[PDB]
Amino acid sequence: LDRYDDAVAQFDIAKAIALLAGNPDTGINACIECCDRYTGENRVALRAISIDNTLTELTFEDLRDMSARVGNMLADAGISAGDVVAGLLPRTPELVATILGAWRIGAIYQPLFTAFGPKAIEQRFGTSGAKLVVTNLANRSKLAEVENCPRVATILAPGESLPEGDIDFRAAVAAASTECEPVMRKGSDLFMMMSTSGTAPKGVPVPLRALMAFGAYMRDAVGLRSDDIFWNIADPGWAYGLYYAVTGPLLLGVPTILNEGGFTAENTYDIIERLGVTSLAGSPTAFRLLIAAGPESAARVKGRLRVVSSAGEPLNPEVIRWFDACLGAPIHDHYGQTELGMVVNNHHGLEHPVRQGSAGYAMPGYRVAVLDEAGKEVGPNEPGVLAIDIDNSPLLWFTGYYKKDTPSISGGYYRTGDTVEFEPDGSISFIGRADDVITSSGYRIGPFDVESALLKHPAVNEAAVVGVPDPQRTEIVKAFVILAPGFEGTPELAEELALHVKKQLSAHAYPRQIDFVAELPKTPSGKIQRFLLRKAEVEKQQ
């Protein structure tokens, strides 16, 4: 297994372009890179489980023919290279067919989450100017309210009404030719159109050169091997699914699994057993549902997973430990963004220290820094904002949002807006902002002040204070304390500690809730990861 230190010293963008079938300056096509270049052995590329739990396996050859059929269908419908085809589709081979087909004629694929309201679709069509959208009969009504909805291709079951102006997707594609010459494109040219989530929606244009980053993550971080059976749980409506459930594995020529069925824990354990899954990837939301199933449910599948990859949320330390004890597999924290792909990981494919509370190391091909308030590079354990050094990161593909401006790009940096801090060995530790307060009934409360108050009591060896949401009060002050030996964690003690804060601090700052715990989540240096305590209180309300 490659040493990570070596992989950093030996990185060279040309070595990464060598892994492509094409070349981002001479000519490249994503369908070639994720499909045609692996035909010739009739080996399986897509293991798909339908809503009635029937298995379909499809070779790269099979995908090529679907890709070509769709490419013709789109071309005849008016799609030229550089236009946008949107997909409002569940997780079925026809979803993949639509993507590889769009890529085959140099078009741009735009994913549309199957649960988007009409309003949220119209916003995303406005960003993309999609010339065509693919959906099935079930989601066809949602597209009826969209003011700027381009032509629709409807996937129909046997003998169903096709809408007035729509294309009969299954009929056009079955009647289309299997010969479709893939259009050549430049690296700078786009094949994906993503959008941001829940902050104001901006377009994220993904150029074809991003394939290098995408393939790096699959190899260095997921550690996908040719002998792995890979299942990424996530939906291709969002970046992590589209980048690394569809594109990533195919990019490497490894089969990928798609489960049309809604996520449940027992269902996931079935798939893992039925298809021999050894490399599982997904979000913390999904993995906590597995933990909520119980150690018994996970017994029948313990020992099968080689590696688990988790993205979207730093993992609670207990979730890691549960995976090791209850599934015998190491779960690793991978951090990325819609804008970047993955950039900082605990890597399954490179040897490096995996320390509790660390996000890991910059993926080779990226140089990261922690920026001052002024944008100067701070030092180890000095807190700052995680930033990508634009130059010196050969794998970076994000050059700004599609139409709007990109204030996160200045001084030669792209700023993640996430608060972190580097460890002397080079690790990244997510730290959370030190300028942060709890507002409880209009009063602003510094958690540090409350913590200092608690620690002065002989029963309190360690304390961490966070704000739990409450509608009546906005937040309520909650303490997590590690008891000194000799003091029992009784409600009497809790009341005693609350009164003690009242007197030492103020009548407003005292903790209304006190949990006694054996440990607090910390970074490798000791800083308490209060945000992990806070998010667990938010999940408890859901």
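All residue numbers refer to positions in the sequence shown, first residue = 1.
Participant: In terms of residues present in the deposited sequence but not modelled, what lies between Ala200 and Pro201: none, 1 to 3, 4 to 9, or 10 or more?
Facilitator: 1 to 3 residues lack coordinates between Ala200 and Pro201.
Participant: Between 403-411 and 299-307, name whichever shows the higher mean Cα B factor according to the PDB entry.
Facilitator: The entry gives the higher C-alpha B-factor average to 403-411.
Participant: Between 355-363 and 244-252, name whichever shows the higher mean Cα B factor according to the PDB entry.
Facilitator: Between 244-252 and 355-363, it is 355-363 that shows the higher mean C-alpha B-factor.
Participant: Using only the C-alpha B-factors in the record, can you name which of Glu382, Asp324, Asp220, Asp333 has the highest?
Facilitator: Across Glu382, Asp324, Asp220, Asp333, the entry lists the biggest C-alpha B-factor for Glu382.
Participant: Could you check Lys119, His347, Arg104, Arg288 and tell me which one carries the biggest Cα B-factor in the deposited entry?
Facilitator: Spelled out: the listed residue with the top C-alpha B-factor is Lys119.
Participant: Using the B-factor values recorded in the entry, state whether the Cα atom of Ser283 falls in the lowest, middle or highest third among the modelled residues of its chain.
Facilitator: For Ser283, whose C-alpha B-factor we compare with every modelled residue in the chain, the answer is the lowest third.
Participant: Just say lowest, middle or highest third for the CA B-factor of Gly40 relative to the other modelled residues in its chain.
Facilitator: Lowest third of the chain for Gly40's C-alpha B-factor.
Participant: Based on the entry's values, in what third of the chain does the Cα temperature factor of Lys503 lie: lowest, middle or highest?
Facilitator: Ranked within chain, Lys503 CA B lands in the highest tercile.
Participant: Consider only the C-alpha atoms of the modelled residues in this chain, order them by B-factor as the entry records it, and name the third containing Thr490: lowest, middle or highest.
Facilitator: It falls in the middle third of the chain.
Participant: Please place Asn232 in the lowest, middle or highest third of its chain according to the CA B-factor in the PDB entry.
Facilitator: As the PDB entry reports it, the C-alpha B-factor of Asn232 lands in the lowest third of its chain.
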